[PDB]
$ cat my_file11.pdb   # PDB, C-alpha atoms
ATOM      1  CA  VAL T 515      41.616-124.581  72.392
ATOM      2  CA  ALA T 516      41.845-122.279  75.423
ATOM      3  CA  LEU T 517      39.275-119.454  75.335
ATOM      4  CA  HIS T 518      41.004-117.778  78.293
ATOM      5  CA  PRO T 519      44.726-118.358  77.953
ATOM      6  CA  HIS T 520      46.292-118.554  81.422
ATOM      7  CA  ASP T 521      50.007-118.673  82.300
ATOM      8  CA  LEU T 522      49.524-122.027  84.073
ATOM      9  CA  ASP T 523      47.623-123.885  81.329
ATOM     10  CA  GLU T 524      50.686-125.932  80.315
ATOM     11  CA  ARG T 525      51.596-126.786  83.941
ATOM     12  CA  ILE T 526      48.005-127.590  85.003
ATOM     13  CA  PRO T 527      46.280-130.146  82.788
ATOM     14  CA  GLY T 528      42.547-129.412  82.590
ATOM     15  CA  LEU T 529      42.784-125.735  83.617
ATOM     16  CA  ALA T 530      42.086-124.436  80.128
ATOM     17  CA  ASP T 531      39.044-126.697  79.713
ATOM     18  CA  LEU T 532      37.790-125.561  83.167
ATOM     19  CA  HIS T 533      38.224-121.859  82.258
ATOM     20  CA  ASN T 534      36.246-122.539  79.079
ATOM     21  CA  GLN T 535      33.334-123.486  81.354
ATOM     22  CA  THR T 536      33.748-120.791  84.019
ATOM     23  CA  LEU T 537      35.840-117.913  85.321
ATOM     24  CA  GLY T 538      34.139-118.054  88.731
ATOM     25  CA  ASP T 539      30.688-117.107  90.011
ATOM     26  CA  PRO T 540      29.878-114.173  92.317
ATOM     27  CA  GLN T 541      27.855-116.487  94.593
ATOM     28  CA  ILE T 542      31.178-118.075  95.697
ATOM     29  CA  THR T 543      32.971-116.020  98.317
ATOM     30  CA  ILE T 544      36.639-116.448  99.169
ATOM     31  CA  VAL T 545      37.896-114.757 102.341
ATOM     32  CA  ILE T 546      41.710-114.291 102.268
ATOM     33  CA  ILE T 547      43.334-114.119 105.706
ATOM     34  CA  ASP T 548      46.719-112.497 104.868
ATOM     35  CA  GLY T 549      48.232-109.003 104.840
ATOM     36  CA  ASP T 550      46.916-105.861 103.188
ATOM     37  CA  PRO T 551      46.898-105.822  99.385
ATOM     38  CA  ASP T 552      46.936-102.891  96.991
ATOM     39  CA  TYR T 553      43.524-102.487  95.329
ATOM     40  CA  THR T 554      44.707 -99.527  93.246
ATOM     41  CA  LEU T 555      46.452-102.023  90.900
ATOM     42  CA  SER T 556      44.715-102.545  87.548
ATOM     43  CA  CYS T 557      44.589-106.310  88.012
ATOM     44  CA  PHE T 558      41.799-105.554  90.524
ATOM     45  CA  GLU T 559      39.862-103.113  88.332
ATOM     46  CA  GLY T 560      36.397-104.638  87.998
ATOM     47  CA  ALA T 561      37.239-107.482  90.374
ATOM     48  CA  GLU T 562      34.644-107.932  93.094
ATOM     49  CA  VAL T 563      37.057-107.351  95.970
ATOM     50  CA  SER T 564      36.539-105.683  99.328
ATOM     51  CA  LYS T 565      38.504-105.339 102.574
ATOM     52  CA  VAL T 566      37.236-106.157 106.005
ATOM     53  CA  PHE T 567      39.598-105.243 108.834
ATOM     54  CA  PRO T 568      38.994-107.231 112.004
ATOM     55  CA  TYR T 569      37.329-104.814 114.432
ATOM     56  CA  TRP T 570      39.487-106.000 117.389
ATOM     57  CA  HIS T 571      42.645-104.772 115.708
ATOM     58  CA  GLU T 572      43.916-101.261 115.893
ATOM     59  CA  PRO T 573      44.940-100.275 112.339
ATOM     60  CA  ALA T 574      48.682 -99.833 111.663
ATOM     61  CA  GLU T 575      50.322 -96.688 110.276
ATOM     62  CA  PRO T 576      50.143 -96.702 106.470
ATOM     63  CA  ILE T 577      53.296 -97.712 104.617
ATOM     64  CA  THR T 578      54.900 -95.235 102.290
ATOM     65  CA  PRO T 579      55.408 -96.081  98.593
ATOM     66  CA  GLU T 580      59.076 -95.371  99.303
ATOM     67  CA  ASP T 581      59.362 -98.284 101.758
ATOM     68  CA  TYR T 582      57.725-100.598  99.189
ATOM     69  CA  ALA T 583      60.179 -99.216  96.588
ATOM     70  CA  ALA T 584      63.056-100.112  98.887
ATOM     71  CA  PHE T 585      61.776-103.684  99.364
ATOM     72  CA  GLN T 586      61.323-104.216  95.641
ATOM     73  CA  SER T 587      64.735-102.746  94.779
ATOM     74  CA  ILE T 588      66.392-105.313  97.059
ATOM     75  CA  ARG T 589      64.343-108.071  95.433
ATOM     76  CA  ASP T 590      65.134-106.909  91.903
ATOM     77  CA  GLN T 591      68.876-107.001  92.749
ATOM     78  CA  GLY T 592      68.374-110.713  93.494
ATOM     79  CA  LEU T 593      69.895-110.406  96.964
ATOM     80  CA  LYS T 594      69.116-113.348  99.221
ATOM     81  CA  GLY T 595      69.642-114.796 102.701
ATOM     82  CA  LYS T 596      71.765-112.833 105.170
ATOM     83  CA  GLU T 597      72.766-110.156 102.624
ATOM     84  CA  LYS T 598      69.072-109.515 101.903
ATOM     85  CA  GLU T 599      68.123-109.060 105.573
ATOM     86  CA  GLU T 600      71.085-106.755 106.185
ATOM     87  CA  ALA T 601      69.859-104.692 103.234
ATOM     88  CA  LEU T 602      66.274-104.628 104.446
ATOM     89  CA  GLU T 603      67.431-103.735 107.957
ATOM     90  CA  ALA T 604      69.474-100.787 106.719
ATOM     91  CA  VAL T 605      66.636 -99.072 104.757
ATOM     92  CA  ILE T 606      63.332-100.277 106.178
ATOM     93  CA  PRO T 607      63.963-101.884 109.596
ATOM     94  CA  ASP T 608      60.575-100.847 111.040
ATOM     95  CA  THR T 609      58.447-101.873 108.062
ATOM     96  CA  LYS T 610      60.296-104.844 106.481
ATOM     97  CA  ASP T 611      58.109-107.514 108.143
ATOM     98  CA  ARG T 612      54.799-105.827 107.334
ATOM     99  CA  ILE T 613      55.868-105.303 103.752
ATOM    100  CA  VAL T 614      56.677-109.014 103.423
ATOM    101  CA  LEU T 615      53.086-109.757 104.494
ATOM    102  CA  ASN T 616      51.421-107.083 102.383
ATOM    103  CA  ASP T 617      53.519-107.902  99.345
ATOM    104  CA  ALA T 618      52.644-111.578  99.598
ATOM    105  CA  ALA T 619      48.922-110.638 100.010
ATOM    106  CA  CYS T 620      49.101-108.726  96.724
ATOM    107  CA  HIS T 621      50.635-111.690  95.023
ATOM    108  CA  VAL T 622      48.289-114.249  96.481
ATOM    109  CA  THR T 623      45.153-112.153  96.012
ATOM    110  CA  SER T 624      46.047-111.504  92.355
ATOM    111  CA  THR T 625      46.779-115.192  91.732
ATOM    112  CA  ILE T 626      43.175-115.825  92.774
ATOM    113  CA  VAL T 627      41.132-112.874  91.429
ATOM    114  CA  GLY T 628      43.357-111.027  88.936
ATOM    115  CA  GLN T 629      41.238-109.849  85.975
ATOM    116  CA  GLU T 630      41.870-111.200  82.479
ATOM    117  CA  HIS T 631      43.851-108.916  80.111
ATOM    118  CA  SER T 632      45.524-107.247  83.059
ATOM    119  CA  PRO T 633      49.178-107.906  84.017
ATOM    120  CA  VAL T 634      48.047-110.724  86.373
ATOM    121  CA  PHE T 635      45.247-113.055  85.244
ATOM    122  CA  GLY T 636      44.217-115.152  88.225
ATOM    123  CA  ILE T 637      42.423-118.504  88.367
ATOM    124  CA  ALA T 638      38.975-117.317  89.462
ATOM    125  CA  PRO T 639      38.568-113.664  88.443
ATOM    126  CA  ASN T 640      34.723-113.604  88.621
ATOM    127  CA  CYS T 641      34.464-114.885  92.219
ATOM    128  CA  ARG T 642      33.757-112.638  95.201
ATOM    129  CA  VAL T 643      36.838-111.974  97.280
ATOM    130  CA  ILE T 644      37.041-110.445 100.706
ATOM    131  CA  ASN T 645      40.518-109.685 102.016
ATOM    132  CA  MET T 646      40.805-109.738 105.794
ATOM    133  CA  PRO T 647      44.155-108.012 106.412
ATOM    134  CA  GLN T 648      46.134-108.766 109.558
ATOM    135  CA  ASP T 649      48.654-105.949 108.962
ATOM    136  CA  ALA T 650      48.030-104.372 112.392
ATOM    137  CA  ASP T 658      51.228-113.235 118.248
ATOM    138  CA  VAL T 659      49.326-112.030 115.114
ATOM    139  CA  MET T 660      49.748-115.537 113.699
ATOM    140  CA  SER T 661      48.700-116.874 117.155
ATOM    141  CA  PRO T 662      46.082-119.567 116.993
ATOM    142  CA  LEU T 663      43.744-117.383 119.059
ATOM    143  CA  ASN T 664      43.847-114.606 116.449
ATOM    144  CA  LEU T 665      43.528-117.010 113.489
ATOM    145  CA  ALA T 666      40.505-118.674 115.127
ATOM    146  CA  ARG T 667      38.954-115.232 115.656
ATOM    147  CA  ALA T 668      39.662-114.367 112.029
ATOM    148  CA  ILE T 669      38.167-117.661 110.921
ATOM    149  CA  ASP T 670      34.954-117.171 112.902
ATOM    150  CA  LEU T 671      34.557-113.760 111.272
ATOM    151  CA  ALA T 672      35.249-115.129 107.793
ATOM    152  CA  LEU T 673      32.416-117.602 108.328
ATOM    153  CA  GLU T 674      30.092-114.830 109.547
ATOM    154  CA  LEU T 675      31.048-112.838 106.441
ATOM    155  CA  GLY T 676      29.727-115.728 104.272
ATOM    156  CA  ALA T 677      32.875-117.533 103.198
ATOM    157  CA  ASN T 678      32.666-120.536 100.924
ATOM    158  CA  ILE T 679      36.455-120.883 100.944
ATOM    159  CA  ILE T 680      38.825-119.457 103.536
ATOM    160  CA  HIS T 681      42.360-118.979 102.248
ATOM    161  CA  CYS T 682      44.597-118.914 105.208
ATOM    162  CA  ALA T 683      47.960-117.512 104.037
ATOM    163  CA  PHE T 684      49.640-118.212 107.394
ATOM    164  CA  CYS T 685      52.015-120.784 108.797
ATOM    165  CA  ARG T 686      52.344-120.980 112.597
ATOM    166  CA  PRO T 687      55.153-123.253 113.521
ATOM    167  CA  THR T 688      54.725-126.646 115.060
ATOM    168  CA  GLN T 689      56.773-129.811 115.414
ATOM    169  CA  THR T 690      53.684-132.050 115.350
ATOM    170  CA  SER T 691      50.009-132.230 114.325
ATOM    171  CA  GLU T 692      48.901-130.714 117.660
ATOM    172  CA  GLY T 693      47.596-127.130 117.581
ATOM    173  CA  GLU T 694      45.799-125.111 120.245
ATOM    174  CA  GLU T 695      42.273-126.442 120.706
ATOM    175  CA  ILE T 696      40.720-123.061 119.873
ATOM    176  CA  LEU T 697      42.083-123.319 116.326
ATOM    177  CA  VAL T 698      41.161-126.973 115.960
ATOM    178  CA  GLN T 699      37.584-126.058 116.856
ATOM    179  CA  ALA T 700      37.606-123.274 114.275
ATOM    180  CA  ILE T 701      38.691-125.705 111.548
ATOM    181  CA  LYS T 702      36.079-128.273 112.534
ATOM    182  CA  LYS T 703      33.540-125.431 112.484
ATOM    183  CA  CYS T 704      34.483-124.821 108.861
ATOM    184  CA  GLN T 705      33.814-128.474 107.992
ATOM    185  CA  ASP T 706      30.539-128.502 109.883
ATOM    186  CA  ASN T 707      29.401-125.471 107.855
ATOM    187  CA  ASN T 708      30.550-126.649 104.447
ATOM    188  CA  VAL T 709      33.430-124.206 104.122
ATOM    189  CA  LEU T 710      36.815-125.170 102.645
ATOM    190  CA  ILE T 711      40.040-123.954 104.283
ATOM    191  CA  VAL T 712      43.163-123.913 102.177
ATOM    192  CA  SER T 713      46.624-123.179 103.524
ATOM    193  CA  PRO T 714      50.265-123.803 102.587
ATOM    194  CA  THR T 715      52.375-126.613 104.026
ATOM    195  CA  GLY T 716      55.336-124.264 104.447
ATOM    196  CA  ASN T 717      58.895-123.819 103.153
ATOM    197  CA  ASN T 718      60.876-125.310 106.029
ATOM    198  CA  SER T 719      62.210-128.456 104.298
ATOM    199  CA  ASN T 720      60.519-130.375 107.168
ATOM    200  CA  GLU T 721      62.598-128.618 109.844
ATOM    201  CA  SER T 722      59.198-127.651 111.209
ATOM    202  CA  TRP T 723      55.519-127.903 110.160
ATOM    203  CA  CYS T 724      52.665-125.390 109.928
ATOM    204  CA  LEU T 725      49.274-124.651 111.413
ATOM    205  CA  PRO T 726      46.584-124.872 110.015
ATOM    206  CA  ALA T 727      47.980-127.135 107.252
ATOM    207  CA  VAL T 728      48.632-130.109 109.493
ATOM    208  CA  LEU T 729      45.261-129.978 111.251
ATOM    209  CA  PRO T 730      42.522-132.351 110.035
ATOM    210  CA  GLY T 731      39.948-130.656 107.740
ATOM    211  CA  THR T 732      42.190-128.206 105.905
ATOM    212  CA  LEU T 733      43.384-128.605 102.328
ATOM    213  CA  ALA T 734      47.196-128.494 102.705
ATOM    214  CA  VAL T 735      49.105-127.320  99.649
ATOM    215  CA  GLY T 736      52.686-128.051  98.663
ATOM    216  CA  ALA T 737      54.812-126.423  95.986
ATOM    217  CA  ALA T 738      55.719-128.021  92.639
ATOM    218  CA  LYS T 739      58.540-127.107  90.256
ATOM    219  CA  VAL T 740      57.819-126.193  86.677
ATOM    220  CA  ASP T 741      58.312-129.910  85.763
ATOM    221  CA  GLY T 742      55.771-131.063  88.390
ATOM    222  CA  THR T 743      58.254-132.535  90.878
ATOM    223  CA  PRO T 744      58.076-131.135  94.384
ATOM    224  CA  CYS T 745      60.251-128.246  95.496
ATOM    225  CA  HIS T 746      62.916-129.396  97.951
ATOM    226  CA  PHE T 747      61.777-126.882 100.567
ATOM    227  CA  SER T 748      58.032-127.791 100.463
ATOM    228  CA  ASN T 749      57.004-129.399 103.778
ATOM    229  CA  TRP T 750      55.419-132.868 103.731
ATOM    230  CA  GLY T 751      54.591-135.918 105.794
ATOM    231  CA  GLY T 752      51.992-136.561 108.491
ATOM    232  CA  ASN T 753      48.720-134.837 107.711
ATOM    233  CA  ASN T 754      50.461-132.720 105.093
ATOM    234  CA  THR T 755      50.674-135.907 103.036
ATOM    235  CA  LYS T 756      47.341-137.466 104.066
ATOM    236  CA  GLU T 757      45.288-134.360 103.347
ATOM    237  CA  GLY T 758      47.417-132.265 101.037
ATOM    238  CA  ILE T 759      47.909-131.754  97.355
ATOM    239  CA  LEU T 760      50.798-130.551  95.221
ATOM    240  CA  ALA T 761      50.411-127.618  92.868
ATOM    241  CA  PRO T 762      52.504-125.217  90.850
ATOM    242  CA  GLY T 763      54.676-123.261  93.313
ATOM    243  CA  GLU T 764      57.772-122.175  91.412
ATOM    244  CA  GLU T 765      57.834-118.943  89.397
ATOM    245  CA  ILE T 766      54.174-118.085  89.842
ATOM    246  CA  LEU T 767      53.179-114.736  88.305
ATOM    247  CA  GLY T 768      51.577-112.099  90.528
ATOM    248  CA  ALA T 769      51.253-108.521  91.702
ATOM    249  CA  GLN T 770      53.371-106.414  94.074
ATOM    250  CA  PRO T 771      52.161-103.161  95.590
ATOM    251  CA  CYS T 772      52.496 -99.697  94.062
ATOM    252  CA  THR T 773      53.443-100.926  90.551
ATOM    253  CA  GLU T 774      51.777-102.443  87.492
ATOM    254  CA  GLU T 775      54.937-104.513  86.913
ATOM    255  CA  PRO T 776      54.338-108.062  88.153
ATOM    256  CA  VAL T 777      56.854-110.461  89.651
ATOM    257  CA  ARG T 778      57.274-114.254  89.752
ATOM    258  CA  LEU T 779      57.620-115.794  93.195
ATOM    259  CA  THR T 780      58.367-119.255  94.547
ATOM    260  CA  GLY T 781      56.886-121.096  97.535
ATOM    261  CA  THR T 782      54.002-123.066  99.006
ATOM    262  CA  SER T 783      52.340-119.669  99.617
ATOM    263  CA  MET T 784      52.181-119.264  95.834
ATOM    264  CA  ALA T 785      50.894-122.844  95.262
ATOM    265  CA  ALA T 786      48.119-122.552  97.848
ATOM    266  CA  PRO T 787      46.321-119.729  95.957
ATOM    267  CA  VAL T 788      46.239-121.763  92.774
ATOM    268  CA  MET T 789      44.338-124.490  94.659
ATOM    269  CA  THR T 790      42.056-121.925  96.274
ATOM    270  CA  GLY T 791      41.323-120.739  92.735
ATOM    271  CA  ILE T 792      40.831-124.185  91.253
ATOM    272  CA  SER T 793      38.524-125.006  94.186
ATOM    273  CA  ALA T 794      36.615-121.740  93.643
ATOM    274  CA  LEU T 795      35.984-122.633  89.994
ATOM    275  CA  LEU T 796      34.844-126.168  90.832
ATOM    276  CA  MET T 797      32.409-124.656  93.337
ATOM    277  CA  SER T 798      31.324-122.015  90.805
ATOM    278  CA  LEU T 799      30.553-124.784  88.354
ATOM    279  CA  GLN T 800      28.257-126.476  90.887
ATOM    280  CA  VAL T 801      26.276-123.238  91.088
ATOM    281  CA  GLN T 802      26.202-122.688  87.305
ATOM    282  CA  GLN T 803      24.716-126.167  86.914
ATOM    283  CA  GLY T 804      22.154-125.848  89.713
ATOM    284  CA  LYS T 805      23.962-128.412  91.898
ATOM    285  CA  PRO T 806      24.342-127.411  95.536
ATOM    286  CA  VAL T 807      27.707-126.020  96.644
ATOM    287  CA  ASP T 808      29.701-128.796  98.371
ATOM    288  CA  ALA T 809      33.151-127.916  99.803
ATOM    289  CA  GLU T 810      33.880-131.392 101.170
ATOM    290  CA  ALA T 811      32.984-133.060  97.835
ATOM    291  CA  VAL T 812      35.370-130.639  96.136
ATOM    292  CA  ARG T 813      38.145-131.249  98.593
ATOM    293  CA  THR T 814      37.847-135.028  98.566
ATOM    294  CA  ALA T 815      37.469-135.061  94.770
ATOM    295  CA  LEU T 816      40.786-133.148  94.439
ATOM    296  CA  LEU T 817      42.548-135.380  96.936
ATOM    297  CA  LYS T 818      41.313-138.734  95.568
ATOM    298  CA  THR T 819      42.211-137.924  91.975
ATOM    299  CA  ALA T 820      45.604-136.315  92.706
ATOM    300  CA  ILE T 821      48.330-137.992  90.659
ATOM    301  CA  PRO T 822      51.066-139.619  92.739
ATOM    302  CA  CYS T 823      54.667-138.932  91.748
ATOM    303  CA  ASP T 824      56.608-141.668  89.956
ATOM    304  CA  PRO T 825      59.045-143.323  92.469
ATOM    305  CA  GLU T 826      61.610-143.701  89.685
ATOM    306  CA  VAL T 827      61.692-139.907  89.163
ATOM    307  CA  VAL T 828      61.092-138.486  92.660
ATOM    308  CA  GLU T 829      63.044-140.090  95.509
ATOM    309  CA  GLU T 830      60.405-139.498  98.213
ATOM    310  CA  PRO T 831      56.910-139.607  96.656
ATOM    311  CA  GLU T 832      55.288-138.587  99.916
ATOM    312  CA  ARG T 833      56.721-135.126  99.184
ATOM    313  CA  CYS T 834      54.043-134.825  96.529
ATOM    314  CA  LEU T 835      51.502-135.305  99.336
ATOM    315  CA  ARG T 836      48.391-137.037  97.892
ATOM    316  CA  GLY T 837      49.650-136.093  94.405
ATOM    317  CA  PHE T 838      49.798-133.365  91.791
ATOM    318  CA  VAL T 839      46.508-131.542  91.211
ATOM    319  CA  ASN T 840      44.441-133.396  88.547
ATOM    320  CA  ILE T 841      41.565-131.180  87.368
ATOM    321  CA  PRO T 842      40.359-133.705  84.799
ATOM    322  CA  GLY T 843      39.918-136.399  87.446
ATOM    323  CA  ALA T 844      38.236-133.900  89.772
ATOM    324  CA  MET T 845      35.805-133.096  86.943
ATOM    325  CA  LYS T 846      34.960-136.759  86.417
ATOM    326  CA  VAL T 847      34.119-137.278  90.088
ATOM    327  CA  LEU T 848      32.132-134.090  90.561
ATOM    328  CA  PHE T 849      30.468-133.631  87.168
ATOM    329  CA  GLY T 850      30.791-136.848  85.168
ATOM    330  CA  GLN T 851      33.087-135.400  82.480
TER     331      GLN T 851
ATOM    332  CA  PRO Z   4      65.408-116.025 108.484
ATOM    333  CA  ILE Z   5      62.638-118.493 107.493
ATOM    334  CA  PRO Z   6      62.147-118.562 103.672
ATOM    335  CA  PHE Z   7      58.375-118.010 103.835
ATOM    336  CA  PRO Z   8      56.176-116.806 102.197
ATOM    337  CA  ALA Z   9      58.643-116.400  99.282
ATOM    338  CA  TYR Z  10      61.651-118.739  99.007
ATOM    339  CA  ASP Z  11      65.025-117.196  98.070
ATOM    340  CA  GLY Z  12      67.601-119.734  96.833
TER     341      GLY Z  12
END
$ encode --input "my_file11.pdb" --output "structure tokens"
Amino acid sequence: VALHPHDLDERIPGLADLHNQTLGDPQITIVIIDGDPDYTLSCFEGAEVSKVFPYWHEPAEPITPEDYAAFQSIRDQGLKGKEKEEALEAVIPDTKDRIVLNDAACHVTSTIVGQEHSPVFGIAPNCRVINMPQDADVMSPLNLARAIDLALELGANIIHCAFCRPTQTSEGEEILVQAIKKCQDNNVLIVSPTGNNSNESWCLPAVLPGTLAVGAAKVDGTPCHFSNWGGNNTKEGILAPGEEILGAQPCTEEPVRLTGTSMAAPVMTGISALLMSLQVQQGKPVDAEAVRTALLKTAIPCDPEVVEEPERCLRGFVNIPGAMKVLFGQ
Amino acid sequence: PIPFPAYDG
């Protein structure tokens, strides 16, 4: 029986049992590199969250509730594609792109640290979360590397990198590669999404060695058609719930369900946070690489008779119960 | 328009 009923218990075998053992520990710090979330929401009341704005950015003009209202109205109407961007352009041309970021940062941050009994109950609500907004080229590898270095200095155990910088290969700028290696050398996990390009292009940092790449799964566990895959996405990535994931949006207590690898990544950041929290609770040392390799090696591969291209599932669907066996002997 | 972070469709 689940002591902390979570929306993803039925889609994620072993989640409920893991929540019965922990909701996170404050000694585990997650730094989220994304936009600027809304801490006034009740899902963050009592959450140990704080913002650190990179000092080398000039802060952007605040965004009016009205602009957020406009964005959400166009979403609620279910407009999509060209029609959606013509709508956004007509009412909020100068803030549409920042709102996309900030909105997603709300959703992602709540998926991770949302407090129980609020509108959004996240995976790891008792962990310490530092948002590092990039609201103020901003996805350039230089700037992500700089952000990463700071996240380490801030004491990150996990760095959730919400960003996808395009690439047609596994090569990224060396500065970013060095930043990822630096995370491995310091026992810090980096999670990031594989992207929603349907393999028309790939993403940095997902495809760089060292990162935990995350792909998006449907409700039934099969991979979403748009979720990028192949190369290092497959070798070092894992599939997790990505469709219809519940989360927050700014300025309103009403939550919204979103779809994408950006919504699957946070779930894995959360699951990883709990596995690390459990190490602390049991006096074992915190070990990011053990957690990452445990998740990868126990991931369940898709059935070739159900999914046409199994490599789309990357190493496989997240398998908490296997992870628990490897790390804790359960 | 790239369908990231949230996919429409």
$ residues_around --input "my_file11.pdb" --residues "residue 9 (chain Z)" --least-positions-apart "5" --cutoff "10 Å" --atoms "all atoms listed in the file" --output "list in words"
residues 614, 617, 618, 716, 717, 763, 764, 778, 779, 780, 781, 782, 783 and 784 of chain T
$ write_last_selection --input "my_file11.pdb" --atoms "C-alpha atoms" --output "PDB file, keeping the file's coordinate frame"
ATOM      1  CA  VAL T 614      56.677-109.014 103.423  1.00  0.00           C
ATOM      2  CA  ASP T 617      53.519-107.902  99.345  1.00  0.00           C
ATOM      3  CA  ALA T 618      52.644-111.578  99.598  1.00  0.00           C
ATOM      4  CA  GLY T 716      55.336-124.264 104.447  1.00  0.00           C
ATOM      5  CA  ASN T 717      58.895-123.819 103.153  1.00  0.00           C
ATOM      6  CA  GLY T 763      54.676-123.261  93.313  1.00  0.00           C
ATOM      7  CA  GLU T 764      57.772-122.175  91.412  1.00  0.00           C
ATOM      8  CA  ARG T 778      57.274-114.254  89.752  1.00  0.00           C
ATOM      9  CA  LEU T 779      57.620-115.794  93.195  1.00  0.00           C
ATOM     10  CA  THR T 780      58.367-119.255  94.547  1.00  0.00           C
ATOM     11  CA  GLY T 781      56.886-121.096  97.535  1.00  0.00           C
ATOM     12  CA  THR T 782      54.002-123.066  99.006  1.00  0.00           C
ATOM     13  CA  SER T 783      52.340-119.669  99.617  1.00  0.00           C
ATOM     14  CA  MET T 784      52.181-119.264  95.834  1.00  0.00           C
TER      15      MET T 784
END
$ resolve_selection --input "my_file11.pdb" --expression "the PyMOL selection byres ((chain Z) within 6 of (chain T))" --output "VMD selection string"
chain Z and resid 7 to 11
$ residues_around --input "my_file11.pdb" --residues "residue 803 (chain T)" --least-positions-apart "6" --cutoff "12 Å" --atoms "all atoms listed in the file" --output "ChimeraX atom specification"
/T:535-536,539,796-797,848-849
$ resolve_selection --input "my_file11.pdb" --expression "the PyMOL selection byres ((chain T and resi 616) around 12)" --output "MDAnalysis selection string"
(chainID T and resid 547:553 576:577 581:582 585 609:615 617:623 645:650 683 769:772) or (chainID Z and resid 8)
$ closest_residue --input "my_file11.pdb" --among "T:752, T:676, T:731, T:527" --to "residue 810 (chain T)" --atoms "all atoms listed in the file"
T:731
$ residues_near_point --input "my_file11.pdb" --point "(28.5, -127.9, 108.7)" --cutoff "12 Å" --atoms "only C-alpha atoms" --output "PyMOL selection string"
chain T and resi 673+678+700-710+731+808-810
$ atom_distance --input "my_file11.pdb" --atom1 "CA of residue 723 (chain T)" --atom2 "CA of residue 749 (chain T)"
6.7 Å
$ residues_around --input "my_file11.pdb" --residues "residue 774 (chain T)" --least-positions-apart "5" --cutoff "8 Å" --atoms "only C-alpha atoms" --output "JSON, numbers by chain"
{"T": [555, 556, 633, 769]}
$ residues_near_point --input "my_file11.pdb" --point "(55.0, -130.0, 98.7)" --cutoff "8 Å" --atoms "all atoms listed in the file" --output "PDB file with C-alpha atoms, in the coordinates of the input"
ATOM      1  CA  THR T 715      52.375-126.613 104.026  1.00  0.00           C
ATOM      2  CA  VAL T 735      49.105-127.320  99.649  1.00  0.00           C
ATOM      3  CA  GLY T 736      52.686-128.051  98.663  1.00  0.00           C
ATOM      4  CA  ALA T 737      54.812-126.423  95.986  1.00  0.00           C
ATOM      5  CA  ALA T 738      55.719-128.021  92.639  1.00  0.00           C
ATOM      6  CA  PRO T 744      58.076-131.135  94.384  1.00  0.00           C
ATOM      7  CA  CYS T 745      60.251-128.246  95.496  1.00  0.00           C
ATOM      8  CA  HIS T 746      62.916-129.396  97.951  1.00  0.00           C
ATOM      9  CA  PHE T 747      61.777-126.882 100.567  1.00  0.00           C
ATOM     10  CA  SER T 748      58.032-127.791 100.463  1.00  0.00           C
ATOM     11  CA  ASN T 749      57.004-129.399 103.778  1.00  0.00           C
ATOM     12  CA  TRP T 750      55.419-132.868 103.731  1.00  0.00           C
ATOM     13  CA  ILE T 759      47.909-131.754  97.355  1.00  0.00           C
ATOM     14  CA  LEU T 760      50.798-130.551  95.221  1.00  0.00           C
ATOM     15  CA  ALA T 761      50.411-127.618  92.868  1.00  0.00           C
ATOM     16  CA  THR T 782      54.002-123.066  99.006  1.00  0.00           C
ATOM     17  CA  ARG T 833      56.721-135.126  99.184  1.00  0.00           C
ATOM     18  CA  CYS T 834      54.043-134.825  96.529  1.00  0.00           C
ATOM     19  CA  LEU T 835      51.502-135.305  99.336  1.00  0.00           C
TER      20      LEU T 835
END
$ axis_aligned_box --input "my_file11.pdb" --around "region 677-690 of chain T" --padding-each-side "4 Å" --output "JSON"
{"center_x": 44.7, "center_y": -124.8, "center_z": 108.2, "size_x": 32.1, "size_y": 22.5, "size_z": 22.5}
$ atom_distance --input "my_file11.pdb" --atom1 "CA of residue 572 (chain T)" --atom2 "CA of residue 680 (chain T)"
22.6 Å
$ atom_distance --input "my_file11.pdb" --atom1 "CA of residue 608 (chain T)" --atom2 "CA of residue 579 (chain T)"
14.3 Å
$ closest_residue --input "my_file11.pdb" --among "T:829, T:626, T:603, T:730" --to "residue 785 (chain T)" --atoms "all atoms listed in the file"
T:626
$ closest_residue --input "my_file11.pdb" --among "T:844, T:638, T:660, T:789" --to "residue 538 (chain T)" --atoms "only C-alpha atoms"
T:638
$ build_atoms --input "my_file11.pdb" --residues "region 578-582 of chain T" --atoms "N, CA, C and O atoms" --output "compact mmCIF listing (two decimals), in the coordinates of the input"
# COMPACT_ATOMS: atom_id res chain seq x y z
N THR T 578 54.62 -96.15 103.38
CA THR T 578 54.90 -95.24 102.29
C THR T 578 55.30 -96.01 101.04
O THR T 578 55.96 -97.04 101.16
N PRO T 579 54.92 -95.51 99.85
CA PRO T 579 55.41 -96.08 98.59
C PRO T 579 56.92 -96.26 98.58
O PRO T 579 57.43 -97.20 97.98
N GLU T 580 57.62 -95.35 99.25
CA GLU T 580 59.08 -95.37 99.30
C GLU T 580 59.61 -96.63 99.99
O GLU T 580 60.60 -97.21 99.54
N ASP T 581 58.96 -97.06 101.06
CA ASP T 581 59.36 -98.28 101.76
C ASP T 581 59.14 -99.52 100.87
O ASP T 581 60.00 -100.40 100.80
N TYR T 582 58.00 -99.55 100.18
CA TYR T 582 57.72 -100.60 99.19
C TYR T 582 58.77 -100.57 98.07
O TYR T 582 59.24 -101.60 97.62
